[PDB]
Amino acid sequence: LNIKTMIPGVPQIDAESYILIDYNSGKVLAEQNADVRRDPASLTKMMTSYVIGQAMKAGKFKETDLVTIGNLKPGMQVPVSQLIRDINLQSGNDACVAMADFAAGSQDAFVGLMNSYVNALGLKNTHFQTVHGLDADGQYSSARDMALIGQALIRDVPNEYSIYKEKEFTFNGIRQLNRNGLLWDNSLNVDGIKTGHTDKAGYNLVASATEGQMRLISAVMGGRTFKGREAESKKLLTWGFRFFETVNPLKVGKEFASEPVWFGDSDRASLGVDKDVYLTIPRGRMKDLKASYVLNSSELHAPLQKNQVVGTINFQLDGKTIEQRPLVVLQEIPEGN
């Protein structure tokens, strides 16, 4: 029933590894060697910028604060806004060392923070050695881990992430461009990430684009040619938006169902979810998306705690449950008698 339930063929991507994920759902739309350990090269500055965003989020320093350059010439004073624009748009290696020392006291302690953020994110194939990644040796990542770093940037530090769409900034009366060529592509709404090239790392790009409420993240690593620098990723984004859509069937705190309660201070339980429901399904099939729920006991008896789990919501497509979520009590019901 062949055109409704059709599974699209993934385009040909000329690179060694790639992954395409939906920012909200976390769904994996396409993947090839996504867990293979490779050199991220200057994609390493994504994690560097993540750690800086977290420090600014926590109030440790601000954009208007002044940084002294040490061992861009030594002893000049540069605002944080400039140094992080240099890191984010230009990938400047100087600015990474000046910021690591400002923020963490030394490079090594900063590297120590990079790698604990790797474990906090759950990344299983990334490890850093320097703040900048210049050393063609020894440090590694994967297309999957790099896209997950991209997502955490957008999610955890939105004030850091908003800097990556700036097209230009002025280092000292010197106008500097963002190096991410996809920002000027009028066919897409790209607002991110990082570009990097090393003869052994190949061409690498972590991009993010939006269409409607939908956000996609791609990571292509070890791209083989100059002319596919931007084009390969643009293929993959475009493909993902053409065949898929992300819908949001249920938000936190909304009443999904209502069920009778025995023995409490009220006779009805307001039921829902404790986390937002985002799903990624084949474009155009929403009106076929059905939701239903099953309870774990026949009668809901009091007491009920707020966010207690009393069942499961089953999201279905073609008689296929594509996702299940815990159904929770949205408002506490103390035992009445």
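All residue numbers refer to positions in the sequence shown, first residue = 1.
Going from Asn71 to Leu72, the model skips 10 or more deposited residues, which lack coordinates.
Higher average CA B factor: 259 to 267, of the stretches 259 to 267 and 120 to 128.
Look at the mean CA B-factor for 148 to 156 and for 191 to 199 in the entry; the higher one is 191 to 199. You'll see in the entry that, of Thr238, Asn178, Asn172, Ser218, the Cα B factor peaks at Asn172.
Ranking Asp137, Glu232, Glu245, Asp101 by Cα temperature factor from the entry places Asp137 first. Per the deposited record, the Cα B-factor of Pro79 falls in the middle third when ranked against the other modelled residues of its chain. Among the modelled residues of the chain, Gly223 sits in the middle third by CA temperature factor in this PDB entry.
When the modelled residues of the chain are ordered by their C-alpha B factor, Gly112 lands in the lowest third. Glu16 sits in the middle third of its chain by CA B factor, as recorded in the PDB entry. Per-chain ranking of the deposited C-alpha B factor places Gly59 in the highest third.
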